[PDB]
Amino acid sequence: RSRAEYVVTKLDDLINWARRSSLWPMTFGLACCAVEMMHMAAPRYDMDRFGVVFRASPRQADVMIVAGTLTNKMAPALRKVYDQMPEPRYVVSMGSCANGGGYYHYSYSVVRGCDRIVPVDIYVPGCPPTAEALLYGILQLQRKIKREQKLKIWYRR
Amino acid sequence: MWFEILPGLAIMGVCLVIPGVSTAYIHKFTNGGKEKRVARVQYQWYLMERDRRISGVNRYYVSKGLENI
Amino acid sequence: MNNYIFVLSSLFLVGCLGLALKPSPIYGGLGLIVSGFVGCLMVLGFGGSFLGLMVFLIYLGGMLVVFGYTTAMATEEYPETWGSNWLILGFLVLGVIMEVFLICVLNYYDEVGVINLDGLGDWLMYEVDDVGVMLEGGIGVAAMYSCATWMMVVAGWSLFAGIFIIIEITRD
Amino acid sequence: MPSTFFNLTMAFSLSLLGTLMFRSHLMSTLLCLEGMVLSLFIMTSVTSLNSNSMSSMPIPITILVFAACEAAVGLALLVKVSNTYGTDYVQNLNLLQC
Amino acid sequence: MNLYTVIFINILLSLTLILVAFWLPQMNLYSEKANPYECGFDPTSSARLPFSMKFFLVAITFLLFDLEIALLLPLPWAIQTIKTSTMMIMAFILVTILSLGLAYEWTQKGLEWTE
Amino acid sequence: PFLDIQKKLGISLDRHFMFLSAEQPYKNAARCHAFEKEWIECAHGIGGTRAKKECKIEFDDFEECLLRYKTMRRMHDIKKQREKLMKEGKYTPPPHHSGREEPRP
Amino acid sequence: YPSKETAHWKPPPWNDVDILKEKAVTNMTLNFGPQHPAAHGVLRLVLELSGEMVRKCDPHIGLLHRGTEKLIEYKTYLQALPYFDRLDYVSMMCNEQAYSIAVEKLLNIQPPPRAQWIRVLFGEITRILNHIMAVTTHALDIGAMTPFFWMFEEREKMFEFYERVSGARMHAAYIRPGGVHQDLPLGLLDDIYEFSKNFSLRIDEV
Amino acid sequence: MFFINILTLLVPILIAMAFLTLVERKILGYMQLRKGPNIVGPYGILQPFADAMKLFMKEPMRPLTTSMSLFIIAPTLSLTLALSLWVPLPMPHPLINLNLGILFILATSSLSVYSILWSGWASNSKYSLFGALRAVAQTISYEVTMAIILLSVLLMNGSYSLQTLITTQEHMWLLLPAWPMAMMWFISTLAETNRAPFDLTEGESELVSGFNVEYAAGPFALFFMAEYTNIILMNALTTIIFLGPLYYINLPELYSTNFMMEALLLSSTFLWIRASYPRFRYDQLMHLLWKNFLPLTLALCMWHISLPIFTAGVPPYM
Amino acid sequence: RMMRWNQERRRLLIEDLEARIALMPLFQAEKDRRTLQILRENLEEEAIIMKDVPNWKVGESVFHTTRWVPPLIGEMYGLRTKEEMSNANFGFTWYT
Amino acid sequence: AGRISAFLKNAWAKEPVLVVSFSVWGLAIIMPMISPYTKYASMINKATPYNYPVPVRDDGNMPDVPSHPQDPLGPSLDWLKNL
Ligand SMILES: CCCCCCCCCCCCO[C@@H]1O[C@H](CO)[C@@H](O[C@H]2O[C@H](CO)[C@@H](O)[C@H](O)[C@H]2O)[C@H](O)[C@H]1O
Ligand SMILES: CCCCCCCCCCCCO[C@@H]1O[C@H](CO)[C@@H](O[C@H]2O[C@H](CO)[C@@H](O)[C@H](O)[C@H]2O)[C@H](O)[C@H]1O
Ligand SMILES: CCCCCCCCCCCCO[C@@H]1O[C@H](CO)[C@@H](O[C@H]2O[C@H](CO)[C@@H](O)[C@H](O)[C@H]2O)[C@H](O)[C@H]1O
Ligand SMILES: CCCCCCCCCCCCO[C@@H]1O[C@H](CO)[C@@H](O[C@H]2O[C@H](CO)[C@@H](O)[C@H](O)[C@H]2O)[C@H](O)[C@H]1O
Ligand code: SF4
């Protein structure tokens with residue numbers, strides 16, 4: 001390694017830290033799992049103290065939290081709003097329905113896991129996961145973002 | 001606790017005093033140790049231009065007293 | 001700085017050329033806003049103050065209403081800009097070229113007549129009362145309240161009657 | 001002064017040419033009238049300043065007052081035109097040829 | 001000169017932030033990303049179609065009321081006149097007729113938005 | 001005016017701010033006040049037709065004062081002749097025309 | 001005098017009133033949701049608009065249709081019970097109680113007295129859980145965001161009663177045909193009393 | 001030296017804006033029984049910098065239906081005008097001393113609406129057009145009375161010069177003789193800054209994000225920076241007009257310290273108000289201004305023409 | 001309190017304006033001499049610059065009348081530097 | 001006049017803003033007519049010397065014009081000093 005590689009590595013940390021520290025999820029919730037998402041924003045857990053702020057516009061969002069069941073009728077709309085998030089963007093699959101169809105896995109009308117529609121960064125189990133379990137998954141996304149090495153990889157190309 | 005809001009407020013408060021204070025001090029530094037002259041009307045501008053012309057150095061704020069006459 | 005007012009009046013001319021080409025009223029409204037700002041600067045440049053700020057403020061309000069009216073009653077699927085139509089674009093470029101030509105030729109024939117490019121900046125301010133106090137344009141406008149009250153009577157009546165007029169025009 | 005007044009008169013002439021050469025939107029023409037008003041305001045204001053004629057400065061303000069009334073009526077008429085035809089196009093305003 | 005200088009710096013700072021914002025980030029342009037937003041479904045028409053204005057009469061009333069305040073803004077200079085009674089009557093009459101105009105439009109339901 | 005109502009009633013709605021020489025706020029005389037006063041006074045009582053010929057001196061002076069065609073041309077000629085001589089190296093502007101004056105007072 | 005140019009001119013109308021072709025109705029059509037703060041994430045409300053006046057509301061639903069009713073046909077009666085937690089998933093135990101009563105009726109059995117008192121107790125806790133969500137999110141959609149936060153801390157305490165009887169904060173599956181799954185843990189009534197005696201002040205603040 | 005003075009105005013104002021985003025989020029949090037940011041830096045004091053760096057590292061939107069010139073211009077115009085509003089502010093000595101500084105404020109503030117109008121139109125989407133047309137209505141609502149409210153106050157000042165307001169209030173806050181206008185002025189500045197309960201051009205519960213809905217990344221940040229800078233500006237203006245900070249010719253910094261304290265307090269009440277009330281309907285804002293403020297504003301303008309004449313209290317011209 | 005304070009500010013303004021009245025004779029005399037000296041300086045350079053120009057009369061008036069006509073700014077500063085001319089056109093109005 | 005009193009009372013309870021507007025408007029007109037200080041406002045504007053007071057040529061028939069600014073002749077401003 002070299003001082004040019006050291007500088008690149010410290011810059012990766014800085015840009016990674018900025019995206020860790022200001023994760024703005026879309027105002028986007030599908031079913032009962034969204035109720036526990038409200039409880040993560042509520043005072044006991046206060047997601048906003050970690051820097052997590054809902055914004056309704058996909059253009060102003062970084063994270064999609066798929067919080068509930070994804071039906072076939074809903075699937076194109078979810079794909080649309082994912083595509084309209086500017087990058088870098090992340091997806092958190094929350095709950096059994098989003099994770100793999102859950103209680104409705106065998107239904108004619110249900111997508112068996114949102115990871116058939118969008119890429120998923122974190123899978124949060126539970127039906128619903130508790131507000132705390134969701135918060136744990138959000139903090140696992142932050143640590144994943146902490147591991148991104150995009151500038152180091154650019155330098156070595 | 002509510003008093004944990006204060007670190008941001010103090011930073012805000014410091015940042016909002018600097019413009020007023022810095023402008024007052026930079027005026028005195030660039031106007032011979034005095035307030036920057038205000039020319040609301042043409043008469044005041046005329047006095048400044050006369051002050052500049054008699055100053056000997058082309059600066060209105062360099063004043064000349066009875067030692068000059 | 002000797003070219004300052006000529007540059008502004010030159011910018012004002014371009015703004016009216018843009019308006020005259022009549023793109024979508026959205027850009028027409030913008031053209032008048034910029035011309036109004038440039039017109040305010042010219043009034044300021046000649047020693048004005050109140051009159052320049054008034055006309056900009058009035059036209060800022062006026063074009064906001066025109067923006068609202070445009071989105072409701074003067075809009076198409078593909079609003080036109082100055083560049084959208086080759087024909088409008090060409091007359092925009094040709095109009096600017098003809099401005100340079102007209103000023104260039106008039107400078108040659110007279111040299112001091114309408115165009116005096118040699119003397120720009122020498123004939124902006126003519127006389128100024130150097131030691132005066134009460135000289136700003138607001139004082140002159142304020143004579144409507146004392147010495148020119150008839151001017152204010154007619155102005156006030158037209159705004160008052162205008163309310164009754166627009167209510168009648170707009171009722172179904 | 002000499003060159004500024006030439007440019008302002010040209011600006012009025014262009015705005016009048018805009019008024020006289022219709023395209024489709026009536027609103028685009030109403031904007032050209034406001035352009036002529038604006039040019040005449042500056043010409044009057046600059047003349048009053050250049051001659052130090054403080055008793056004439058009410059006049060430019062009265063120009064804007066009546067221009068506002070003219071513009072308000074123009075917009076009021078444009079609402080009526082749009083209600084009839086669903087556009088402000090002037091080619092629809094042709095029933096009075098017969 | 002100073003006012004020109006600072007406003008240019010203000011313009012200069014704003015434009016630099018725009019250039020940074022457009023040339024620093026990694027891009028990935030594709031059609032679905034850049035299509036207009038409408039809550040996950042496609043728009044059924046252009047956003048450029050007519051959008052009705054229900055307060056159009058208030059809007060053109062505002063044009064006249066904005067020239068009324070233009071007639072009022074010389075008042076700080078006008079109160080310096082020797083002809084105090086004349087100035088006071090002119091200002092009182094001007095405000096009163098504007099009030100009567102507003103009162104008439106109010107009672108004609110001109111401030112009510114159309115349905 | 002077409003109807004002289006104002007004269008009949010002895011009032012003034014718009015007769016008193018008709019020209020430069022009229023009353024100004026705070027007695028701030030307009031440009032060319034003295035020339036316009038002379039032109040108006042020469043013309044008074046003799047009618048427009050006679051005034052056109054017989055007050056021609058006053059009108060020309062006032063016209064020159066207000067529009068300044070001759071003043072602008074005269075300065076253009078001096079500044080143009082100075083440009084020619086300086087290029088030929090026959091004229092050198094004095095120190096007070098070059099920005100190195102001894103300012104008064 | 002007839003001319004080729006004016007051959008197509010007709011005389012004007014007798015009263016100056018022209019019969020023009022019907023003008024074009026041109027209402028804005030807008031997708032209000034599913035991805036919209038006020039649409040609950042899954043409502044595609046198609047609106048006909050004139051300005052901001054609403055001319056027609058066409059609610060498109062089925063964006064959360066999951067075929068619960070068909071799925072229940074493949075379940076035993078006990079297996080179907082948790083599907084009722086996930087219907088009105090703001091009033092979970094009340095949904096269980098409806099299904100439990102229906103099954104109990106067809107079974108011609110009755111739940112014991114203590115079960116019925118528990119079921120009413122938790123039915124009314126659930127009603128408060130629901131009305132908090134109904135009132136404060138309704139306020140949040142109108143712009144008053146703060147009551148949501150005060151009252152969702154109260155909700156978090158009631159989720160603890162759910163989790164203490166059933167092990168789950170929401171989808172308890174606690175009320176079943178025949179009664180309830182388990183008896184109350186020792187100390188739960190006291191904690192429900194402690195919550196209950198302060199809650200009316202929380203209502204007063206809102 | 002004048003360039004150094006520009007820096008010592010712009011840079012502290014931009015830092016004050018950034019930390020107002022932190023103060024808002026913590027004050028709102030505590031009124032909601034939360035904490036707000038307390039991880040990103042000590043007590044959250046690096047959270048604004050993280051949000052800024054995130055936004056400018058994000059992909060900026062280039063939507064296909066968009067008319068691109070106005071789309072770029074509007075957020076650029078927004079920040080320019082917000083910063084320009086500060087240059088004539090006397091704290092107690094302004095960077096730019098203007099004879100008609102109040103009229104400069106109105107004209108500059110009135111041009112600021114066009115950033116909202118053009119961005120919403122240029123985006124060429126339905127929710128952005130809705131936001132633009134609410135801005136049209138918003139300006140029609142409040143601009144009708146804001147200048148008359150100012151007019152009545154300045155009949156005790158005697159001029160449009162902001163620095164003269166300091167001398168006018170040498171012995172007393174203008175609040176005392178003008179508190180009814182101060183109340184109406186305060187509501188007007190909330191609407192003028194598109195703040196709650198009049199946050200209608202964005203109004204996220206109704207229009208998702210209104211005028212800026214198609215905006216991402218750094219261009220989005222400019223609108224946000226411009227809005228938070230204007231909140232401080234309008235309250236600092238309210239402080240100088242109605243709450244005359246204590247001025248002593250030999251202690252100018254005393255004015256600056258007192259000015260900041262009152263301006264900080266007035267900015268806090270903006271955040272306090274947001275946490276307390278529901279939103280108006282945008283037709284109801286028009287009726288508030290035109291059927292309540294406007295009658296009283298006109299009566300009080302007549303009263304404040306009448307007052308200096310019958311008390312012989314006309315202020316000096318100079 | 002505003003009545004009393006504004007009445008005091010009116011007395012202060014009169015005192016300030018009366019100081020101007022006392023000094024105005026001196027400023028008028030200085031300004032007369034300054035304007036005439038500048039005009040004199042222009043006349044001498046015109047005598048050299050327009051020496052070999054046919055039919056030029058040095059110092060000729062453009063008016064028929066013989067009464068004093070104050071010079072324009074363009075006349076006074078026509079032969080001086082661009083900065084002196086710019087200062088006369090924009091000094092006051094660009095001083096903020 | 002008991003019918004109006006009920007009217008005014010209802011207007012006060014239900015439309016107080018309009019009641020205040022009309023009352024303030026009426027007070028603004030009335031106050032200059034009944035105030036003892038109204039006459040001074042014009043006199044103060046008249047005593048402000050924005051222009052140089054041009055002296056007059058003394059012809060020997062001006063008993064009322066001061067010869068010096070501190071002569072006891074001419075307009076006094078004691079009324080304003082003690083206003
Ligand atoms: C939309 C923008 C349009 C831009 C328009 C063009 C702007 C540039 C203006 C060019 C016009 C002439 O601009 C400039 O005028 C000044 C007078 O002030 C002349 O003045 C100078 O040169 C001439 C002789 O050449 C003499 O007067 C003298 O020596 C000196 O004063 C300059 O030589 C000329 O270059
Ligand atoms: C049919 C509808 C018309 C009727 C309604 C209008 C009624 C008239 C109201 C306006 C009255 C204007 O009244 C007029 O005021 C001006 C000043 O403004 C007075 O003017 C007087 O003072 C000015 C001050 O400069 C002198 O220059 C002037 O020579 C002198 O006459 C007139 O003597 C008076 O007649
Ligand atoms: C005199 C003429 C000189 C020669 C001119 C040659 C011009 C050729 C330009 C090539 C395009 C460069 O422009 C840039 O291309 C990149 C990748 O190529 C694309 O950029 C973006 O979109 C694509 C979409 O898949 C991604 O693959 C890419 O990584 C991303 O950065 C855009 O299209 C544009 O941002
Ligand atoms: C239809 C529209 C109706 C609304 C308009 C009504 C306007 C009527 C206004 C009536 C009030 C006039 O009030 C009038 O004020 C002036 C000064 O201004 C007072 O005038 C008094 O003070 C002035 C100084 O200002 C002295 O020069 C004067 O000698 C003295 O009378 C009058 O004593 C009072 O009567
Ligand atoms: S995983 Fe469970 S709680 Fe979440 S939406 Fe599906 S059924 Fe509801």
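What counts, and where the lines are drawn
Residues numbered from 1 in each chain as written, not as in the entry; some residues may be left out. Chains lettered and ligands numbered in written order. Part of a larger assembly, values for the part shown. Heavy atoms only, no water. Salt bridge = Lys/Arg side-chain N within 4 Å of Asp/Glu carboxyl O. Helix = DSSP H or I, 4+ residues; strand = E, 2+ residues; numbered from the N terminus. Contact = heavy atoms within 4.5 Å. Buried area = accessible area lost by both parts, 1.4 Å probe. Polar contact = N/O pair within 3.5 Å; in protein donor to acceptor, adjacent residues only side chain to side chain. Nonpolar A, V, L, I, M, F, W, Y, C, P; charged D, E, K, R; others polar. Buried < 20%, exposed > 50% of the residue type's maximum accessible area, 1.4 Å probe, protein only. Pairing = 2+ DSSP bridges. Axes fitted to C-alpha atoms, helices over the stretch in contact; angles between N-to-C directions. Near = heavy atom within 4 Å.

Looking at the entry header, you'll see cryo-EM listed as the method and 2.39 Å as the resolution.

A. Quick peek at the pattern of salt bridges. One pass over the structure, following the stated rule, counts 60 salt bridges over all chains. One salt bridge in this structure joins A:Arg44 and G:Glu160, with 2.7 Å as the shortest N-O distance. With A:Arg44 in the loop between α2 (32–41) and β1 (63–67) and G:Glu160 in helix α5 (residues 146–166), this pair bridges two chains. Within the structure, one salt-bridge network assembled from shared partners comprises A:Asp46, A:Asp48, H:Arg25, H:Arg34 and H:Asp51.

B. Representation of the interface of chain H and chain E in the model. Taken together, the contact between chain H and chain E spans 74 residues of the former and 66 residues of the latter. When the two sides are added together, the surface that chain H and chain E hide from each other amounts to roughly 6400 Å², 78% of it contributed by carbon and sulfur. Considering only the side of chain H, the residues that lose the most area to chain E are H:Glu59, H:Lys126 and H:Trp290, jointly responsible for 10% of the buried surface there. The interface formed by chain H and chain E holds three salt bridges in total. In this structure, H:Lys291 engages E:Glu112 in a salt bridge whose closest nitrogen and oxygen atoms are separated by 3.1 Å. Summed over the shared surface of chain H and chain E, the number is 13 residue pairs in polar contact. Going through the elements one at a time, α1 (2–31), α3 (68–84), α4 (101–123), α5 (126–157), α9 (217–242) and α11 (282–310) of chain H are the ones with two or more residues in the side of chain H that touches chain E. By residue number, the principal contributor to the side of chain H that touches chain E is α5(H), which donates 15 residues. Its residues assigned to classes, the side of chain H that touches chain E shows 54 nonpolar, twelve polar and eight charged.

C. Representation of unusual backbone geometry in the model. The residue after A:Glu87, namely A:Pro88, is reached through a cis peptide bond having omega 0°. Examined against the element boundaries, A:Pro88 turns out to sit in the loop between α3 (75–83) and β2 (90–94). Geometrically, the link from A:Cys127 to A:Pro128 is a cis peptide bond, its omega value of -5° lying close to zero. Looking at the secondary structure, you find A:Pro128 in the loop between β3 (122–124) and α5 (131–146). Unusually for a residue other than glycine, C:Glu111 sits at a positive phi of about 75°. On the secondary structure map, C:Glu111 appears in the loop between α4 (86–109) and α5 (137–141). Relative accessible area serves as the criterion here: at 26%, C:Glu111 is assigned to the partly exposed category.

D. Representation of the sheet that holds β3(A). All names here are of chain A. A sheet is described by the order of its strands in space; here three strands give the open sequence β1-β2-β3, paired in parallel fashion. With partners counted over all chains shown, the strands left at the sheet margins are β1 and β3, one partner each. The mean angle between the axes of side-by-side strands here comes to 15°, regardless of whether they run parallel or antiparallel. Pairing between β1 and β2: five bridges, direction parallel. For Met64, the partnering residue across the bridge sits in β2 and is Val91. Those strands touched by α5 are β1, β2 and β3, and its axis lies near 165° from that of β3.

E. Local environment of the site of ligand 1. Residues in contact with ligand 1, as listed here, are C:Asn2, C:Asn3, C:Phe6, C:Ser10, C:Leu11, C:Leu117, C:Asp118, C:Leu120, F:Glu83 and I:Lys82. At the site occupied by ligand 1, nearby residues are drawn from chains C, F and I. At 2.7 Å, a backbone N or O of C:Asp118 approaches an oxygen atom of ligand 1. F:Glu83 is positioned with one of its side-chain polar atoms (N or O) 3.5 Å from an oxygen atom of ligand 1. Examining the composition of the shell around ligand 1, we find that three residues originate from one element, helix α1 (residues 4–20) of chain C, more than from any other. Classifying every residue of the shell around ligand 1 gives four nonpolar, three polar and three charged.

F. Fine view of the sheet that holds strand β1 (residues 28–32) of chain G. Ordered by their spatial adjacency, three strands build an open sheet running β1-β2-β3 (chain G), and the pairing between neighbours is antiparallel. Each having just a single partner strand, β1 and β3 (53–60) of chain G make up the two edges of the open sheet. For this sheet, the mean angle separating the axes of adjacent strands, direction not counted, is 25°. Note: β1(G) against strand β2 (residues 44–50) of chain G, five bridges, orientation antiparallel. Counted as the bridge partner of G:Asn31 is G:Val46 from β2(G). Each of β1 and β2 of chain G touches α5(H); the most contacted strand, β1(G), lies at about 110° to it.

G. Layout of the interface of chain H and chain G. Every contact between the two is made by 20 residues of chain H and, on the other side, 22 residues of chain G. Of the roughly 1700 Å² buried between chain H and chain G on both sides combined, carbon and sulfur atoms contribute 60%. Contact with chain G buries area across many residues of chain H, yet H:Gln32, H:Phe130 and H:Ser205 alone supply 32% of it, more than any other trio. A salt bridge links G:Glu52 to H:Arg134; the shortest N-O distance between them is 2.9 Å. At the boundary of chain H with chain G, the tally comes to eight residue pairs in polar contact. Looking at the side of chain H that touches chain G, the elements with two or more residues in it are α1, α5 and α8 (204–207) of chain H.

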